[PDB]
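Overview (structure and organization)
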Amino acid sequence: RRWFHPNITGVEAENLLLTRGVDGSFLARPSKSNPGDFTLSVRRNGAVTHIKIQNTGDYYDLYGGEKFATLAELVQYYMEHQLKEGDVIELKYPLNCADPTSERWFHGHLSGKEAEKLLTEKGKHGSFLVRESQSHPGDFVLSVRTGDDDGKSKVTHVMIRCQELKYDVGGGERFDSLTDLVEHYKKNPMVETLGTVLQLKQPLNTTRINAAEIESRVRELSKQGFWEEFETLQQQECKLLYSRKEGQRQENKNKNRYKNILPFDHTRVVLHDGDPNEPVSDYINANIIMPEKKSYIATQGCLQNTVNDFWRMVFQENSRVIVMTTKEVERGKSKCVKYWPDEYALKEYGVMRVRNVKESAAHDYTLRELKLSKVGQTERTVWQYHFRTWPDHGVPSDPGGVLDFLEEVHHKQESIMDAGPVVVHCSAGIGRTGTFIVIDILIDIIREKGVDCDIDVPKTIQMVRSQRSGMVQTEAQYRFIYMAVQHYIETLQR
Ligand SMILES: Cn1cc2c(Cl)c(-c3c[nH]c4nc(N5[C@@H]6CC[C@H]5C[C@@H](N)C6)cnc34)ccc2n1
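Residues numbered from 1 in each chain as written, not as in the entry; some residues may be left out. Heavy atoms only, no water.

Structure determination for this PDB entry was carried out by X-ray crystallography, with a resolution of 1.94 Å recorded in the header.

With the PDB entry as reference, the chain is termed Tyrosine-protein phosphatase non-receptor type 11, source organism Homo sapiens. Looking at the PDB record, one finds the entry titled "A fragment-based inhibitor of SHP2". Looking at the Catalytic activity heading of the UniProt record, one finds this comment for the chain: "O-phospho-L-tyrosyl-[protein] + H2O = L-tyrosyl-[protein] + phosphate". (UniProt positions renumbered as here; feature names shortened; annotations may be inferred.)

The following block contains the structure:
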């Protein structure tokens with residue numbers, strides 16, 4: 001993902017493309033002044049075009065292009081394909097960024113003893129970091145722990161010289177960036193004169209906190225670090241380009257809200273017992289999310305033609321609780337089509353039958369008590385929690401309403417013996433959906449253990465993002481997750 005440049009200006013972008021690129025060269029970059037705006041900058045015919053990519057919380061919307069779950073999936077699509085102003089714009093040659101500050105292992109500011117302490121306390125064999133030299137202004141230091149799991153372990157420091165914007169460990173190959181240097185010694189470890197192999201197995205973990213000390217961390221990230229932690233998470237999304245072939249089948253194209261926002265094959269919900277008189281009846285744009293007790297299905301808002309599939313899914317998976325994350329309509333646009341009957345009414349949805357027994361309004365949500373059964377047979381109650389007050393852009397300014405909602409959703413789920421996964425949906429089913437599920441996982445840990453458990457917010461998101469594309473869309477959602485955790489801890493504290 002070296003084609004993303006976190007700290008580049010528009011003019012820097014043009015200059016790089018003109019001086020270091022050719023026709024078909026391209027890079028992506030943030031706007032500083034605009035929080036979820038991105039720019040795809042592309043060279044064509046000796047000039048540079050800039051293409052806006054907007055993300056308000058639900059998807060990356062490329063101007064004159066499609067909607068995507070991640071910038072990595074966006075770039076892969078166009079590099080393997082179609083993008084137009086109405087002339088075609090080709091993405092051929094990624095223009096690679098040398099900037100180290102979005103790498104997990106980069107801690108510019110760290111001193112020598114502080115890096116030793118951190119590796120001593122948090123680190124294990126093969127834990128490493130790169131820091132700026134304090135003794136040699138402009139050089140870097142590689143600091144690596146090796147040993148058993150005393151004096152059976154040690155920290156080694158390797159000096160990294162910077163000569164003419166190339167990095168080296170004192171001999172051999174000179175690398176054009178610290179990333180290229182680290183990737184080379186990750187793959188081909190340095191061996192000390194006396195045998196020790198300085199293996200670079202994992203970056204030092206600096207994001208795992210004890211839950212009690214959330215307020216400390218939020219304060220620090222608020223000085224921001226929030227943006228820096230988030231971009232470092234985003235850099236890792238290139239590890240998550242898993243196959244989505246079932247969703248790409250012609251038979252399944254019009255079962256997807258957005259043609260290119262698709263379920264990973266390895267976690268998609270497979271529907272059995274379908275209409276035998278219809279070719280592909282096993283597909284819904286939905287994934288199982290298994291925290292790595294309570295599981296989830298993350299899915300899109302229904303289309304007219306997928307409402308029947310949605311109820312087949314709820315019934316098959318034994319789900320008893322549905323969370324809806326959007327109004328039916330927002331900004332005059334359909335965000336989640338109505339798939340339930342009016343209050344007191346009864347409807348058939350293919351082979352499934354649903355009664356709406358009772359609706360109950362709360363401040364931030366409406367609860368619908370639905371009864372689901374198969375025609376001709378099986379009845380169970382499905383409790384649908386329809387969150388109604390999420391703003392149309394951005395995130396809520398206070399997390400109390402979301403937390404009070406998830407607390408109630410949690411207790412409903414826990415009250416029903418052997419209930420299946422909690423269904424969480426609407427819109428594309430990645431942004432708000434991913435935000436609600438992550439908050440839910442984190443608060444669950446804390447509810448079971450207490451204020452003195454360890455959480456790792458970015459680790460948790462990456463784990464959920466490995467099970468559905470782009471779960472948690474924006475920096476604002478990312479910040480909102482930390483705020484919700486912070487707030488939960490305070491209400492529990494006393
Ligand atoms: C499997 N897995 C993936 C993970 C990722 Cl992506 C992170 C993570 C996200 N953002 C970070 N920011 C970090 N920080 C700031 C400040 C210093 C350090 C480095 C970088 N300069 C940004 C560290 N880890 C992270 C943490 C745990 C993970 N587990």
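1. Looking at the overall build of the chain
On a plain count of helices and strands, the chain comes out with 11 helices and 25 strands. The globule rule puts the C-alpha radius of gyration for 494 residues at 23 Å, and the 25 Å found for the chain is close to it. With respect to the three principal axes, the spread of C-alpha positions in the chain is 75 × 60 × 40 Å. Here the chain holds 494 residues, and 53% of them are scored as buried. Surface summary for the chain: the accessible area is close to 23200 Å², and the carbon and sulfur share equals 47%. Positive and negative side-chain charges of the chain, numbering 66 and 70 respectively, have mean locations separated by a distance of 2 Å. (Helix = DSSP H or I, 4+ residues; strand = E, 2+ residues; numbered from the N terminus. Rg over C-alpha atoms; globule rule 2.2 N^0.38 Å. Buried < 20%, exposed > 50% of the residue type's maximum accessible area, 1.4 Å probe, protein only. Areas by Shrake-Rupley, 256 points an atom, 1.4 Å probe, with all protein chains shown as cover. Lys, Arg positive; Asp, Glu negative; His and termini not counted. Charge placed at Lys NZ, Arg CZ, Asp CG, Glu CD.)

2. A short note on the domain arrangement of the chain
By the assigned domains, the chain splits into domain 1 (10-94), domain 2 (112-205) and domain 3 (210-493). Distance from the C-alpha centre of domain 2 to the C-alpha centre of domain 3: 41 Å. (Domains from an automatic or database assignment.)

3. So, the nonpolar core
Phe405, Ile439 and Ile481 are the most contacted members of the largest nonpolar core, which totals 53 residues. Among the nonpolar cores identified, the runner-up in size contains 25 residues, and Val269, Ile297, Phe310 and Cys426 belong to it. (Core = buried A, V, L, I, M, F, W, Y, C linked by side-chain atoms within 4.5 Å.)

4. Observations concerning empty space enclosed by the protein
The volume enclosed by the largest cavity comes to roughly 60 Å³. Forming the walls of the largest cavity are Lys294, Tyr296, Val323, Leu406, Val409, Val422, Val424, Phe436, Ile437 and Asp440. Per-element accounting of the lining of the largest cavity gives the leading share, three residues, to helix α9 (residues 432-449). Broken down by class, the residue content of the lining of the largest cavity amounts to eight nonpolar, no polar and two charged. (1 Å grid on protein atoms, 1.4 Å probe; cavity = no way out; pocket = protein on both sides within 12 Å on 5 of 7 lines; lining within 4 Å. Points joined across faces, edges and corners; volume = space filled by probe spheres on them. Nonpolar A, V, L, I, M, F, W, Y, C, P; charged D, E, K, R; others polar.)

5. Comments concerning the pattern of salt bridges
Under the defined criterion, the tally for this structure stands at 26 salt bridges. In this structure, the salt-bridge partner of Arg268 is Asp282, at a minimum N-O distance of 2.9 Å. Of this pair, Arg268 sits in the loop between α6 (225-235) and β15 (286-289) while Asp282 sits in the loop between α6 and β15, and the two are 14 residues apart along the sequence. For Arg268, a relative accessible area of 12% gives the class buried. Within the structure, one salt-bridge network assembled from shared partners comprises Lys294, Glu407, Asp440, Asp444 and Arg447. (Salt bridge = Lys/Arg side-chain N within 4 Å of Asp/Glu carboxyl O.)

6. Overview of the UniProt feature "binding site: substrate" in the chain
Using the residue numbers shown here, the UniProt feature "binding site: substrate" corresponds to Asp392, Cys426, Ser427, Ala428, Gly429, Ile430, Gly431, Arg432 and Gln473. Residue position: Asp392 is located in the loop between β23 (380-387) and α8 (400-414). Judged by its relative accessible area of 28%, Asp392 is partly exposed. Contacts of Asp392, omitting those with residues within four sequence positions, involve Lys327, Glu330, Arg331 and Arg432. A relative accessible area of 2% means that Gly429 is categorised as buried. When residues no more than four places from it in sequence are discounted, the contact partners of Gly429 are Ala298, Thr299, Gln300, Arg468 and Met471. (Contact = heavy atoms within 4.5 Å.)

7. A word on the sheet that holds strand β16 (residues 296-299)
Here eight strands make up an open sheet; going across it, the order is β15-β16-β24-β17-β23-β22-β21-β20 and the pairing mixed. Each of the sheet's edge strands pairs with one partner strand only, and the pair in question is β15 and β20 (346-349). Across the sheet, the axes of successive neighbouring strands diverge by a mean angle of 25°, strand direction being ignored. Of the pairings in the sheet, the one linking β16 to strand β24 (residues 422-425) comprises four bridges and is parallel in character. Directly across from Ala298, in β24, lies its bridge partner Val424. On top of the sheet, α8 reaches β17 (321-324), β22 (365-374), β23 and β24; it is set at about 175° to β23, its chief contact. Strand contacts of α9: β15, β16, β23 and β24, with the helix running at about 165° to β16, the strand carrying the most contacts. (Pairing = 2+ DSSP bridges. Axes fitted to C-alpha atoms, helices over the stretch in contact; angles between N-to-C directions.)

8. What about unusual backbone geometry?
With phi around 55°, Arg331 is a residue other than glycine that occupies positive phi space. Inspection of the secondary structure assignment puts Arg331 in the loop between β18 (329-330) and β19 (333-334). Of note, the phi angle at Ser427 is positive, near 45°, even though the residue is not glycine. Position of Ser427 among the secondary structure elements: in the loop between β24 and α9.

9. Brief notes about the state of the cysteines
Within the structure shown, the criterion is met by one disulfide. Residue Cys336 pairs covalently with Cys426 via a disulfide, S to S 2.1 Å. Linking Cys336 and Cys426, the disulfide has an S-S dihedral of approximately -75° and is accordingly described as left-handed. By the burial criterion, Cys336 is buried, and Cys426 matches it. Unpaired in this structure, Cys97 has its nearest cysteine sulfur neighbour in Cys238, at a distance of 13 Å. Between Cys162, a free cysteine, and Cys97, which holds the nearest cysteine sulfur, the sulfur-to-sulfur gap is 15 Å. On the basis of relative accessible area, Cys162 is assigned to the partly exposed category, the value being 25%. (Disulfide = S-S within 2.5 Å.)

10. Observations concerning a positive patch on the surface
Positive charge collects at one region of the surface, where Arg104, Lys122, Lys124, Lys201, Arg208, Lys239 and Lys459 lie side by side. Mapped onto the fold, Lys122 is located in helix α3 (residues 112-122). You can call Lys122 partly exposed: its relative accessible area is 33%. (Patch = residues over 30% accessible without salt bridge, like charges linked within 9 Å, V, L, I, M, F, W, Y side chains within 5 Å.)

11. Considering the sheet that holds strand β2 (residues 37-44)
Taken in spatial order, the six strands line up as β5-β4-β3-β2-β1-β6 in an open sheet, and their pairing is mixed. Both edges of this open sheet fall to β5 (67-68) and β6 (93-94), since each of them pairs with a single strand only. In the packing of helix α1 (residues 10-20) onto the sheet, the strands contacted are β1 (25-30), β2 and β3 (47-54), and the crossing angle to β1 comes to about 165°.

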